[PDB]
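Peer 1: Data: entry_24.pdb, PDB, C-alpha atoms and all ligand atoms.
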```pdb
ATOM      1  CA  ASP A   1     -77.830 -51.861  44.445  1.00  0.00           C
ATOM      2  CA  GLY A   2     -75.097 -53.896  42.750  1.00  0.00           C
ATOM      3  CA  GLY A   3     -72.345 -52.720  45.097  1.00  0.00           C
ATOM      4  CA  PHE A   4     -70.863 -56.223  45.307  1.00  0.00           C
ATOM      5  CA  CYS A   5     -71.392 -57.170  41.646  1.00  0.00           C
ATOM      6  CA  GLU A   6     -67.826 -56.850  40.449  1.00  0.00           C
ATOM      7  CA  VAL A   7     -66.205 -58.502  43.473  1.00  0.00           C
ATOM      8  CA  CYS A   8     -68.810 -61.329  43.267  1.00  0.00           C
ATOM      9  CA  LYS A   9     -67.863 -62.081  39.684  1.00  0.00           C
ATOM     10  CA  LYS A  10     -64.125 -62.011  40.571  1.00  0.00           C
ATOM     11  CA  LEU A  11     -64.393 -64.341  43.556  1.00  0.00           C
ATOM     12  CA  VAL A  12     -66.860 -66.778  41.937  1.00  0.00           C
ATOM     13  CA  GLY A  13     -64.537 -66.715  38.901  1.00  0.00           C
ATOM     14  CA  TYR A  14     -61.625 -67.777  41.097  1.00  0.00           C
ATOM     15  CA  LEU A  15     -63.700 -70.721  42.356  1.00  0.00           C
ATOM     16  CA  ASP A  16     -65.062 -71.577  38.860  1.00  0.00           C
ATOM     17  CA  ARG A  17     -61.469 -71.857  37.616  1.00  0.00           C
ATOM     18  CA  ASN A  18     -59.911 -73.623  40.580  1.00  0.00           C
ATOM     19  CA  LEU A  19     -62.605 -75.937  42.015  1.00  0.00           C
ATOM     20  CA  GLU A  20     -63.897 -79.066  40.451  1.00  0.00           C
ATOM     21  CA  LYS A  21     -67.442 -78.784  39.168  1.00  0.00           C
ATOM     22  CA  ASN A  22     -68.179 -81.837  41.341  1.00  0.00           C
ATOM     23  CA  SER A  23     -67.492 -80.149  44.648  1.00  0.00           C
ATOM     24  CA  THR A  24     -68.995 -80.918  48.034  1.00  0.00           C
ATOM     25  CA  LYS A  25     -70.489 -78.142  50.203  1.00  0.00           C
ATOM     26  CA  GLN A  26     -67.564 -78.638  52.633  1.00  0.00           C
ATOM     27  CA  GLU A  27     -65.106 -78.238  49.741  1.00  0.00           C
ATOM     28  CA  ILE A  28     -66.802 -75.046  48.632  1.00  0.00           C
ATOM     29  CA  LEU A  29     -66.924 -73.634  52.189  1.00  0.00           C
ATOM     30  CA  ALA A  30     -63.149 -74.227  52.469  1.00  0.00           C
ATOM     31  CA  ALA A  31     -62.542 -72.548  49.076  1.00  0.00           C
ATOM     32  CA  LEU A  32     -64.714 -69.599  50.027  1.00  0.00           C
ATOM     33  CA  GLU A  33     -62.557 -69.113  53.140  1.00  0.00           C
ATOM     34  CA  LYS A  34     -59.440 -68.743  51.011  1.00  0.00           C
ATOM     35  CA  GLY A  35     -60.770 -67.201  47.756  1.00  0.00           C
ATOM     36  CA  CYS A  36     -60.512 -63.537  48.703  1.00  0.00           C
ATOM     37  CA  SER A  37     -56.743 -63.781  49.271  1.00  0.00           C
ATOM     38  CA  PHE A  38     -56.364 -64.624  45.528  1.00  0.00           C
ATOM     39  CA  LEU A  39     -58.021 -61.411  44.384  1.00  0.00           C
ATOM     40  CA  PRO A  40     -56.043 -58.205  43.864  1.00  0.00           C
ATOM     41  CA  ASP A  41     -55.315 -56.407  47.131  1.00  0.00           C
ATOM     42  CA  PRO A  42     -57.767 -53.475  46.595  1.00  0.00           C
ATOM     43  CA  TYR A  43     -60.639 -56.019  46.683  1.00  0.00           C
ATOM     44  CA  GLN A  44     -59.521 -57.861  49.808  1.00  0.00           C
ATOM     45  CA  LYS A  45     -61.692 -56.285  52.515  1.00  0.00           C
ATOM     46  CA  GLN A  46     -64.671 -55.889  50.166  1.00  0.00           C
ATOM     47  CA  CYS A  47     -64.407 -59.565  49.229  1.00  0.00           C
ATOM     48  CA  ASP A  48     -64.254 -60.588  52.911  1.00  0.00           C
ATOM     49  CA  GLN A  49     -67.422 -58.575  53.543  1.00  0.00           C
ATOM     50  CA  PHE A  50     -69.129 -60.063  50.483  1.00  0.00           C
ATOM     51  CA  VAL A  51     -68.293 -63.663  51.381  1.00  0.00           C
ATOM     52  CA  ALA A  52     -69.437 -63.203  54.979  1.00  0.00           C
ATOM     53  CA  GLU A  53     -72.727 -61.628  53.922  1.00  0.00           C
ATOM     54  CA  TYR A  54     -73.518 -64.057  51.061  1.00  0.00           C
ATOM     55  CA  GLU A  55     -71.913 -67.253  52.402  1.00  0.00           C
ATOM     56  CA  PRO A  56     -75.141 -69.196  52.994  1.00  0.00           C
ATOM     57  CA  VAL A  57     -76.548 -68.552  49.509  1.00  0.00           C
ATOM     58  CA  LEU A  58     -73.161 -69.045  47.888  1.00  0.00           C
ATOM     59  CA  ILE A  59     -72.792 -72.537  49.358  1.00  0.00           C
ATOM     60  CA  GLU A  60     -76.324 -73.458  48.234  1.00  0.00           C
ATOM     61  CA  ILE A  61     -75.768 -72.326  44.636  1.00  0.00           C
ATOM     62  CA  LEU A  62     -72.128 -73.272  44.036  1.00  0.00           C
ATOM     63  CA  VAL A  63     -72.826 -76.997  44.485  1.00  0.00           C
ATOM     64  CA  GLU A  64     -75.092 -76.604  41.441  1.00  0.00           C
ATOM     65  CA  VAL A  65     -73.399 -73.973  39.237  1.00  0.00           C
ATOM     66  CA  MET A  66     -70.223 -71.883  39.339  1.00  0.00           C
ATOM     67  CA  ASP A  67     -70.628 -69.627  36.294  1.00  0.00           C
ATOM     68  CA  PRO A  68     -69.776 -66.143  37.719  1.00  0.00           C
ATOM     69  CA  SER A  69     -72.333 -64.022  35.826  1.00  0.00           C
ATOM     70  CA  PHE A  70     -75.138 -66.518  36.499  1.00  0.00           C
ATOM     71  CA  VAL A  71     -74.295 -67.068  40.158  1.00  0.00           C
ATOM     72  CA  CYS A  72     -73.951 -63.360  40.834  1.00  0.00           C
ATOM     73  CA  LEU A  73     -77.264 -62.593  39.096  1.00  0.00           C
ATOM     74  CA  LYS A  74     -79.109 -65.424  40.876  1.00  0.00           C
ATOM     75  CA  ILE A  75     -77.998 -64.396  44.392  1.00  0.00           C
ATOM     76  CA  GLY A  76     -78.878 -60.743  43.721  1.00  0.00           C
ATOM     77  CA  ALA A  77     -75.287 -59.354  43.798  1.00  0.00           C
ATOM     78  CA  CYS A  78     -75.620 -58.322  40.115  1.00  0.00           C
ATOM     79  CA  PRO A  79     -79.235 -57.245  39.765  1.00  0.00           C
ATOM     80  CA  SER A  80     -79.380 -56.726  35.957  1.00  0.00           C
TER
HETATM   81 MG    MG B 101     -75.586 -53.971  52.112  1.00  0.00          MG
HETATM   82 MG    MG B 102     -52.146 -60.929  44.893  1.00  0.00          MG
HETATM   83 MG    MG B 103     -51.337 -59.405  51.300  1.00  0.00          MG
END
```
Go ahead and render the structure in this file as structure tokens.
Ligand SMILES: [Mg+2]
Ligand SMILES: [Mg+2]
Ligand SMILES: [Mg+2]
Peer 2:
Amino acid sequence: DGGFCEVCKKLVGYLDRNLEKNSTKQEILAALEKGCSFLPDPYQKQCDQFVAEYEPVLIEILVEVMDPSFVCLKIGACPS
């Protein structure tokens, strides 16, 4: 239903900017645990929920691609 689309693009964007493209799954899991704290406060709890719900698919995809619009489309967070 796209309810996490905007927060997905913001948190994957944080990672896209701040993680190397070469990153290990362990490196991405650690970044996912910290990423929501870097978003504006109104997104904080939504981002925590998003990351907990999508963590498995996020780790699988982010080792291959970190573009926010693509990642969020591919995992279903942004249905377009
Ligand atoms: Mg739901
Ligand atoms: Mg802040
Ligand atoms: Mg705070």
Peer 1: Just so the selection is clear, what residues does the PyMOL selection byres (((chain A and resi 18) around 12) and not hetatm) cover here, as a PDB file with C-alpha atoms, keeping the file's coordinate frame?
Peer 2:
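Just written: part13.pdb:
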```
ATOM      1  CA  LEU A  11     -64.393 -64.341  43.556  1.00  0.00           C
ATOM      2  CA  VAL A  12     -66.860 -66.778  41.937  1.00  0.00           C
ATOM      3  CA  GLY A  13     -64.537 -66.715  38.901  1.00  0.00           C
ATOM      4  CA  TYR A  14     -61.625 -67.777  41.097  1.00  0.00           C
ATOM      5  CA  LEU A  15     -63.700 -70.721  42.356  1.00  0.00           C
ATOM      6  CA  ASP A  16     -65.062 -71.577  38.860  1.00  0.00           C
ATOM      7  CA  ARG A  17     -61.469 -71.857  37.616  1.00  0.00           C
ATOM      8  CA  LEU A  19     -62.605 -75.937  42.015  1.00  0.00           C
ATOM      9  CA  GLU A  20     -63.897 -79.066  40.451  1.00  0.00           C
ATOM     10  CA  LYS A  21     -67.442 -78.784  39.168  1.00  0.00           C
ATOM     11  CA  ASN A  22     -68.179 -81.837  41.341  1.00  0.00           C
ATOM     12  CA  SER A  23     -67.492 -80.149  44.648  1.00  0.00           C
ATOM     13  CA  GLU A  27     -65.106 -78.238  49.741  1.00  0.00           C
ATOM     14  CA  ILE A  28     -66.802 -75.046  48.632  1.00  0.00           C
ATOM     15  CA  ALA A  31     -62.542 -72.548  49.076  1.00  0.00           C
ATOM     16  CA  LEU A  32     -64.714 -69.599  50.027  1.00  0.00           C
ATOM     17  CA  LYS A  34     -59.440 -68.743  51.011  1.00  0.00           C
ATOM     18  CA  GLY A  35     -60.770 -67.201  47.756  1.00  0.00           C
ATOM     19  CA  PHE A  38     -56.364 -64.624  45.528  1.00  0.00           C
ATOM     20  CA  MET A  66     -70.223 -71.883  39.339  1.00  0.00           C
TER      21      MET A  66
END
```
Peer 1: Work out how far apart CA of residue 41 in chain A and CA of residue 26 in chain A are and give it in Å to one decimal.
Peer 2: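 Those two atoms sit 26.0 Å apart.
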Peer 1: Report as a tab-separated table the residues of chain A within 12 Å of ligand MG 101 (chain B), each with its shortest atom pair and distance in Å (one decimal), using all atoms listed in the file, ordered by chain and increasing residue number.
Peer 2:
```
residue	atom	partner	partner_atom	distance
A:1	CA	B:MG101	MG	8.3
A:2	CA	B:MG101	MG	9.4
A:3	CA	B:MG101	MG	7.8
A:4	CA	B:MG101	MG	8.6
A:5	CA	B:MG101	MG	11.7
A:46	CA	B:MG101	MG	11.3
A:49	CA	B:MG101	MG	9.5
A:50	CA	B:MG101	MG	9.0
A:52	CA	B:MG101	MG	11.5
A:53	CA	B:MG101	MG	8.4
A:54	CA	B:MG101	MG	10.3
A:76	CA	B:MG101	MG	11.3
A:77	CA	B:MG101	MG	9.9
```
Peer 1: Output C-alpha atoms of each residue in that selection to a file, as a compact mmCIF listing (two decimals), in the coordinates of the input.
Peer 2:
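File produced: part.txt:
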```txt
# COMPACT_ATOMS: atom_id res chain seq x y z
CA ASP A 1 -77.83 -51.86 44.44
CA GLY A 2 -75.10 -53.90 42.75
CA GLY A 3 -72.34 -52.72 45.10
CA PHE A 4 -70.86 -56.22 45.31
CA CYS A 5 -71.39 -57.17 41.65
CA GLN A 46 -64.67 -55.89 50.17
CA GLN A 49 -67.42 -58.58 53.54
CA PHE A 50 -69.13 -60.06 50.48
CA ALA A 52 -69.44 -63.20 54.98
CA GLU A 53 -72.73 -61.63 53.92
CA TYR A 54 -73.52 -64.06 51.06
CA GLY A 76 -78.88 -60.74 43.72
CA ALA A 77 -75.29 -59.35 43.80
```
Peer 1: All residues within 10 Å of ligand MG 103 (chain B) are required, counting all atoms listed in the file; please report them as a short mmCIF file (atom, residue, chain, number, x, y, z; two decimals) with C-alpha atoms, keeping the file's coordinate frame.
Peer 2:
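Once everything was written out, this is out27.cif:
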```cif
data_model
loop_
_atom_site.label_atom_id
_atom_site.label_comp_id
_atom_site.auth_asym_id
_atom_site.auth_seq_id
_atom_site.Cartn_x
_atom_site.Cartn_y
_atom_site.Cartn_z
CA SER A 37 -56.74 -63.78 49.27
CA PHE A 38 -56.36 -64.62 45.53
CA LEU A 39 -58.02 -61.41 44.38
CA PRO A 40 -56.04 -58.20 43.86
CA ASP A 41 -55.32 -56.41 47.13
CA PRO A 42 -57.77 -53.48 46.60
CA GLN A 44 -59.52 -57.86 49.81
#
```
Peer 1: For range 20-31 of chain A, I'd like the enclosing box, axis-aligned and padded by 6 Å on every side, reported as lines of an AutoDock Vina configuration file with centre and edge lengths in Å to one decimal.
Peer 2:
```
center_x = -66.5
center_y = -77.2
center_z = 45.9
size_x = 19.9
size_y = 21.3
size_z = 25.5
```
Peer 1: Select, from A:36, A:72, A:29, A:8, the residue with the minimum atom-to-atom distance to ligand MG 102 (chain B), counting all atoms listed in the file.
Peer 2: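 Ranking A:36, A:72, A:29, A:8 by distance to ligand MG 102 (chain B), first place goes to A:36.
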Peer 1: What does the structure give for the distance between CA of residue 24 in chain A and CA of residue 80 in chain A, in Å to one decimal?
Peer 2: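 Between these atoms lies a distance of 29.0 Å.
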Peer 1: Have a look at A:6, A:79, A:74, A:43 and name the one nearest to residue 62 in chain A; count all atoms listed in the file.
Peer 2: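 Ranked by minimum distance to residue 62 in chain A, first place goes to A:74.
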Peer 1: Have a look at atom MG of ligand MG 102 (chain B) and CA of residue 70 in chain A and let me know their distance in Å, one decimal.
Peer 2: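 CA of residue 70 in chain A lies 25.1 Å from atom MG of ligand MG 102 (chain B).
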